[PDB]
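Take a look at the structure set out below.
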There are 2 protein chains.
Amino acid sequence: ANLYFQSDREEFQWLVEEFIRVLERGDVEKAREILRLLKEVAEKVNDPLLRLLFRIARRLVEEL
Amino acid sequence: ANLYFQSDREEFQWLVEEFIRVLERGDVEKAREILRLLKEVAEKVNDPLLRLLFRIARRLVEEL
């Protein structure tokens, strides 16, 4: 259970916002750490878009 | 109308896959061109996740 969010998809969106926040601050090490949380939640949602977002996010971390 | 896709969200996923394909081939100019198509479709969907995906994708293009 997670009372903060209606669904795993909503939790995913929250984590995406946090990922963006830390990477836009230049904290690349912390953005990389958030990738793992994104993947864990994406696995719970049967939406391929979430997996593709992870792929783009992971590549962005590599290019920063 | 668009007979290829069930919904704007599905079209968005298709464009995300194309974006990934061209950027992973190293065709950065074409990936940048796909950003505009992603934004146009994201505007039609009331899902903030699609807008956040655009934001990450656009930053990735800048960092390649």
Side-chain angles (χ1 to χ4, degrees):
Chain A
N2 185 326
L3 295 184
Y4 294 107
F5 305 107
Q6 178 186 358
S7 67
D8 293 322
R9 188 193 183 97
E10 285 289 342
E11 184 176 1
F12 190 85
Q13 183 193 320
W14 177 257
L15 291 166
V16 174
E17 293 183 48
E18 182 185 20
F19 173 81
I20 291 172
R21 187 187 73 82
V22 303
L23 169 157
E24 288 180 351
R25 301 175 111 263
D27 185 4
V28 176
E29 193 167 327
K30 189 176 191 308
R32 192 183 284 273
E33 151 185 339
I34 304 270
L35 291 176
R36 176 178 68 85
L37 307 178
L38 287 172
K39 191 172 186 294
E40 301 179 353
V41 176
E43 284 166 7
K44 307 176 184 176
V45 186
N46 190 74
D47 193 341
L49 190 68
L50 277 65
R51 310 203 286 278
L52 298 172
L53 192 154
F54 169 90
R55 186 160 169 178
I56 297 169
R58 181 174 172 267
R59 180 58 179 271
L60 175 54
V61 166
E62 294 301 342
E63 301 298 343
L64 289 168
Chain B
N2 185 326
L3 295 184
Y4 294 107
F5 305 107
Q6 178 186 358
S7 67
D8 293 322
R9 188 193 183 97
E10 285 289 342
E11 184 176 1
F12 190 85
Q13 183 193 320
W14 177 257
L15 291 166
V16 174
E17 293 183 48
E18 182 185 20
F19 173 81
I20 291 172
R21 187 187 73 82
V22 303
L23 169 157
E24 288 180 351
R25 301 175 111 263
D27 185 4
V28 176
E29 193 167 327
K30 189 176 191 308
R32 192 183 284 273
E33 151 185 339
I34 304 270
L35 291 176
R36 176 178 68 85
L37 307 178
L38 287 172
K39 191 172 186 294
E40 301 179 353
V41 176
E43 284 166 7
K44 307 176 184 176
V45 186
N46 190 74
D47 193 341
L49 190 68
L50 277 65
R51 310 203 286 278
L52 298 172
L53 192 154
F54 169 90
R55 186 160 169 178
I56 297 169
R58 181 174 172 267
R59 180 58 179 271
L60 175 54
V61 166
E62 294 301 342
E63 301 298 343
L64 289 168

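In what follows, chains carry the letters A, B, and so on, assigned in the order in which the sequence lines appear, proteins first and then strands, with residues in each chain numbered from 1.
Tracing side-chain contacts under 4.5 Å through hydrophobic residues (I, L, V, M, F, W, Y), one never reaches B:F19 starting from B:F5; they form parts of separate clusters. Cluster annotation: B:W14 and B:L37 are assigned to distinct hydrophobic clusters (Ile/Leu/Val/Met/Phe/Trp/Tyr, side-chain heavy-atom contacts under 4.5 Å, transitive).
Smallest separation of non-hydrogen atoms from B:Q13 and A:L49: CA-CD1, 4.0 Å.
The number of heavy-atom neighbours closer than 6.0 Å to CD of B:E29, taken from other residues, nucleotides and ligands shown, is 12 or below. Within 6.0 Å of the CG atom in A:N46, the count of heavy atoms belonging to other residues, nucleotides or ligands does not exceed 12. Shown here is A:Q6, whose CD atom has no more than 12 heavy atoms of other residues, nucleotides or ligands within 6.0 Å.
The shortest side-chain heavy-atom distance between B:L52 and A:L53 does not fall under the 4.5 Å cut-off. At a threshold of 4.5 Å between non-hydrogen side-chain atoms, the residues B:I20 and A:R59 do not count as touching.
Residue contact with chain B, scored on non-hydrogen atoms closer than 4.5 Å, involves the side chain of A:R55 exclusively.
Expressed to the nearest 0.5 Å, how far CZ of A:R58 lies from CG of B:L60 amounts to 12.5 Å.
Ranked by heavy-atom pairs under 4.5 Å with chain A, the list B:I56, B:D47, B:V61 is led by B:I56.
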